[PDB]
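Chains from the complex, first installment, not repositioned:
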Amino acid sequence: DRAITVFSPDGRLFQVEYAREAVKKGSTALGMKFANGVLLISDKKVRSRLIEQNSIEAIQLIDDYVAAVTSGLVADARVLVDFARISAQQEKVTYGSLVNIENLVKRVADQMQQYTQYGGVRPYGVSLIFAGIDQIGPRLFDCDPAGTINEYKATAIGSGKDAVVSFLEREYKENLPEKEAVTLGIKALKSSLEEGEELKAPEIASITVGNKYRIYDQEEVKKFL
């Protein structure tokens, strides 16, 4: 029961639970919609000084019009982000454009559901949130070690899941200019991660509908810090 994906005595998949507690041990990250787009801010806690600070990136691009920040086991994260990249390229070859970002999150969620389903393989112990604009508009998703997806206006992931989601539950405003949006996001990241009495400079990207992708540099994030 507790070693391979089969049913409980009462309706619980034990390995998929253990994957959820594996993604509760990760690094926190969040994202929210603003007036004409969506942002993604990862905490980046550069621990030692030998780590090449800006070369490690957890906000990774799937396309010029879908991005992803992840949390959980970092190896399964990298493999799953590469699968999402090649699936987006498949849709670009077949239909001509990435019309729906919901299709892109659903195919990745089916890939995670398969190893939730079969024996002889463990579930992907990783959780991701996707963000970008499509023909419909700004979308913000979530993913689960079972393959469950949900659409949000503001969500979190990681070790500071619950504290950030509590602050977002209290203080989020729906239509919001980009500057005040990234300020609210940083206050959310602060209130949770200020238990080690430090935050750091985090990493943060943004899109407004019509434009391409823009990841900030080291200097711009410290003005909002």
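Received the coordinates, thanks. Numbering: from 1, shown residues only, chains lettered A, B, ... in the order given.

Please report how far the residue nearest the centre of chain A lies from residue A:55.
Closest residue to the average C-alpha location of chain A: residue A:129 at 2.8 Å, with CA atoms, centre = their mean. According to CB to CB, to the nearest Å, residue A:129 and residue A:55 sit 22 Å apart. Every residue, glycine included, has its C-beta placed from N, CA and C.

now residue A:72
For residue A:72, the distance to residue A:55 equals 21 Å [CB to CB].

So for stretch A:189-209, what gets flagged as buried?
A:189, A:191-193, A:199-207 (16 or more other CB atoms under 10 Å).

returning to that earlier point: between residue A:72 and residue A:55, who's got more neighbours?
residue A:72 (24 against 6; other CB atoms under 10 Å).

which residues sit in contact with that one?
A:22-23, A:26, A:125-127, A:145 (CB atoms under 8 Å, 6 or more residues apart in numbering).

nearest to residue A:139, of those?
Nearest to residue A:139 among the contacts of residue A:72: residue A:127, at 17.1 Å, using CB to CB.

Could I get the contacting residues of the residue nearest to that closest one when sequence neighbours are not counted?
Leaving aside its sequence neighbours, residue A:127 sits nearest to residue A:23 (CB to CB, 6 or more residues apart in numbering; 4.5 Å). Contact partners of residue A:23, counting by CB under 8 Å, 6+ apart, are A:71-73, A:125-127, A:145, A:157-158.

Residue A:23 and residue A:114: what is the separation?
In terms of CB to CB, residue A:23 sits 18 Å off from residue A:114.

What distance do you get for residue A:72 to residue A:169?
23 Å.

er, residue A:16 actually
For residue A:16 relative to residue A:169 (CB to CB), the value is 25 Å.

between the two, which one's more packed in?
With neighbours defined as other CB under 10 Å, residue A:16 and residue A:169 compare such that residue A:16 has more, 22 against 9.

if I look at that one, how far off is residue A:41?
Separation of residue A:16 from residue A:41 (CB to CB): 27 Å.

build in chain B:
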Amino acid sequence: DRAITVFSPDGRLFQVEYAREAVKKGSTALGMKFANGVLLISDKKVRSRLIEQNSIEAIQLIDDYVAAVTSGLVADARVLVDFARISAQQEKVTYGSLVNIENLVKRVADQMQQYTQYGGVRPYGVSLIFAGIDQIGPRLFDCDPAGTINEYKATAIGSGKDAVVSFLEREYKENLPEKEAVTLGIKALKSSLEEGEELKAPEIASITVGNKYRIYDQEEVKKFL
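Below is chain B, added to the chains above:
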């Protein structure tokens, strides 16, 4: 749980841990960037006198512009280094040149992640560091029995992981000429491995950006020893 790669009661892959303690039992090796390149020094502790000293090499070449020194189980090390060699040759045939060394470490890390992932096979109990120049410049990587990679300016591996990384954490300088760089590396290798009250002549290679590969001989390393 403790016999095949499945999840813990709390978020731990037990076999991948046991592989990490297998690579903690190996021989120590390290490497660091200097002003216009990167070096790799392995400890070589030639135990008996019947071993053909210079023919056993742990600093092995993947290409004329990527090298690798390993630590852990030596058989899995040899098989993984040969996979890295043929993958570098695949990229040379397909695109024309080895443009990114990060691609080369990521493909090998995916190969290790697969046997971390599936049942019916144990993880690769081996850890490697890669070093060389590409179009971007000097790079220095690391690899983990889970497939985790990290980019460094100075790192270690083996039995003297923690003591060497402590000395590197204290005394490393970023831009440094080649002679003082190999001197700092040898002092690092000394401070850990001088617990058996001996070091030996180690093996050490270097590149400066623009040139090909140069492994030292027996006589040159003893001047810096």
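
Please re-evaluate the buried residues of stretch A:189-209 in the presence of chain B.
By neighbour count, and taking 16 or more other CB atoms under 10 Å in any protein chain shown as the criterion, the buried residues in stretch A:189-209 are A:189, A:191-193, A:199-207.

where's the residue lying closest to residue A:74 once chain neighbours are set aside relative to residue B:125, distance?
With CB to CB, 6 or more residues apart in numbering or on different chains as the criterion, residue A:74 has its nearest non-adjacent residue at 5.9 Å, and that residue is residue B:148. Going from residue B:148 to residue B:125 by CB to CB gives 14 Å.

More neighbours: those two, which one.
Neighbours were counted for residue B:148 and for residue B:125 using other CB atoms under 10 Å in any protein chain shown; residue B:125 has more, 22 against 18.

got a list of what the more buried one touches?
B:18-19, B:22-23, B:72-73, B:76, B:145 (CB atoms under 8 Å, 6 or more residues apart in numbering or on different chains).

which of these are buried?
B:19, B:22-23, B:72-73, B:76, B:145.

out of those residues, which are inside helices?
Secondary structure from DSSP state H places B:19, B:22-23, B:76 of these in helices.

returning to what we had before: out of the buried residues of stretch A:189-209, which comes closest to residue A:63?
residue A:207 (11.4 Å).

Just give the closest residue to the closest one, not the sequence neighbours.
residue A:37 (4.7 Å).

Tell me which stretches of chain A form strands.
A:29-34, A:37-42, A:59-63, A:66-72, A:126-133, A:138-142, A:150-151, A:154-157, A:203-208, A:214-215 (DSSP state E).

And the longest one, what does it pack against?
In terms of contacts (3 or more CB pairs under 8 Å, 6 or more residues apart in numbering or on different chains; DSSP states H and E), strand A:126-133 is packed against strand A:29-34, strand A:37-42, strand A:66-72, helix A:74-95, helix A:101-117, strand A:138-142, strand A:154-157, strand A:203-208.

let's go with 7 Å and repeat that
On a contact count with 3 or more CB pairs under 7 Å, 6 or more residues apart in numbering or on different chains; DSSP states H and E, strand A:126-133 meets strand A:37-42, strand A:66-72, helix A:74-95, helix A:101-117, strand A:138-142, strand A:154-157.

Chain C follows; place it on the structure:
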Amino acid sequence: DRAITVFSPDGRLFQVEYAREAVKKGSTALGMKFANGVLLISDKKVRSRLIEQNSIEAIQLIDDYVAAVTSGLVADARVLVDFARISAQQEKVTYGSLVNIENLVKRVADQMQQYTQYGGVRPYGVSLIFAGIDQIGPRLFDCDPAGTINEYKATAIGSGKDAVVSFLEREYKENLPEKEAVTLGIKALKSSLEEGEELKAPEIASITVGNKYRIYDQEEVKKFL
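Placed with the earlier chains, chain C looks like this:
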């Protein structure tokens, strides 16, 4: 843990260990380089008188320019020696000549590493030493039930591993004429195997660089006995 190749609680492959204690139960054999070649002497303890003494041969030829003597389980020995023979013939058909004997020992060692690696099959419980000349010169190798290879000037294998290797560790001289070399080898074989208070006539072959293979007959070995 103790029944199929998976990791220990601390970094040990239990089946590959049990294969090493299977090859410690075998018959002893050794070999050493001399001034312009290398010899291989197996102990041959012809137990009964019904065994056809000279037809059972543990010094078996892989080619006219690589030979092998084995120790351990004799069936796995025969299968592995036949794999080495057909691999040498593959290299002769592909490239034109057997340029490196290290290639030949490395392919066989990869074959043993595979069944060390996968489940559903036990490791090869056999150890071999290879000897011969190539373009580089005289080489003398060893093989391990994990697939570990090492290059020696003088080595042993079998039940008298440690006692012979102690005598070789004390009394070996690097450049040595063929007659005194086979005398030193027989003294090594004696000092260990003279615990059953008998040695016998052993089997012994030799090459000097330039010439083909020469296995002694029954009469020549008793002069050096």
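
Could you re-examine the buried residues of stretch A:189-209 with chain C now present?
Of the residues in stretch A:189-209, those buried by neighbour count under the rule 16+ other CB under 10 Å are A:189, A:191-193, A:199-207.

returning to what we had before: quickly list what the residue nearest to the centre of chain A is bridged to.
residue A:69 (DSSP bridges).

didn't it look like it was pressed against residue A:69?
Yes. Applying CB atoms under 7 Å, one finds residue A:129 in contact with residue A:69, separated by 6.1 Å.

so what sits against both of these two?
Listed as contacting both residue A:129 and residue A:69 by CB atoms under 7 Å, 6 or more residues apart in numbering or on different chains are residue A:31.

ok so, going back, for chain B, state which of the buried residues of stretch A:189-209 is nearest.
Chain B lies nearest to residue A:203 out of the buried residues of stretch A:189-209, by CB to the nearest CB, at 15.5 Å.

show me the contacts for the closest residue to chain C within chain A.
Nearest residue of chain A to chain C (CB to the nearest CB) works out as residue A:120 at 12.0 Å. The neighbours of residue A:120, taking CB under 7 Å, 6+ apart as the test, are residue B:119.

phi, psi of it?
phi 90, psi 10 (degrees, to the nearest 10).

ok, it to residue C:115 distance?
Relative to residue C:115, and taking CB to CB, residue A:120 is found at 20 Å.

Please apply the same query to residue A:19.
Residue A:19 is 32 Å from residue C:115, by CB to CB.

Could you report the neighbour count for residue A:21?
16.

Residue A:74 and residue A:51, how far apart?
Distance from residue A:74 to residue A:51, by CB to CB: 13 Å.

roughly how far apart are residue A:156 and chain B?
19 Å (CB to the nearest CB, to the nearest Å).

tell me the contacts of that residue?
A:28, A:30, A:164-165, A:168.

May I have the beta-bridge partners of it?
residue A:30.

Run through the residues of chain A sitting next to chain B.
Residues of chain A lying close to chain B (CB under 7 Å from any CB of the partner chain) are A:3-4, A:15, A:18-19, A:21-22, A:25, A:48, A:50-52, A:55-56, A:74-75, A:79, A:120-122.
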